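Student: Everything in the sequence shown is counted per our numbering, starting at 36 for the first residue and increasing by one. First the structure, then my questions, so here it is.
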Amino acid sequence: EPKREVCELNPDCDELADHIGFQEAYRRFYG
């Protein structure tokens with residue numbers, strides 16, 4: 036899961052993923 040890999044290594048992305056999941060967080064951060 037490269038999206039999770041990238042997003043987990045950004046505290047803001049990971050925090051967003053805590054709320055909306057990694058795919059949505061990644062899209063909002065790295066879309």
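Even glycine gets a Cβ: it sits at the ideal position worked out from N, Cα and C.
Please report the straight-line C-alpha distance between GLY66 and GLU50, rounded to a whole angstrom.
Tutor: Start at 1 with the first residue of the sequence shown, and residue 66 comes out as number 31. Start at 1 with the first residue of the sequence shown, and residue 50 comes out as number 15. Their Cα atoms are separated by approximately 17 Å.
Student: What residue range does the alpha helix (DSSP H) around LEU51 cover?
Tutor: Taking the first residue of the sequence shown as 1, we reach residue 51 at position 16. Note, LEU51: alpha helix (DSSP H), 46-55.
Student: How long is the line joining the alpha carbons of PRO37 and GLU43, rounded to whole angstroms?
Tutor: Residue 37 sits at position 2 when you count from the first residue of the sequence shown. Residue 43 sits at position 8 when you count from the first residue of the sequence shown. Each residue's Cα considered, the two are about 10 Å apart.
Student: Assign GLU43 to one of three DSSP states: helix, strand, or coil.
Tutor: Along the sequence shown, one-based indexing puts residue 43 at 8. Helix.
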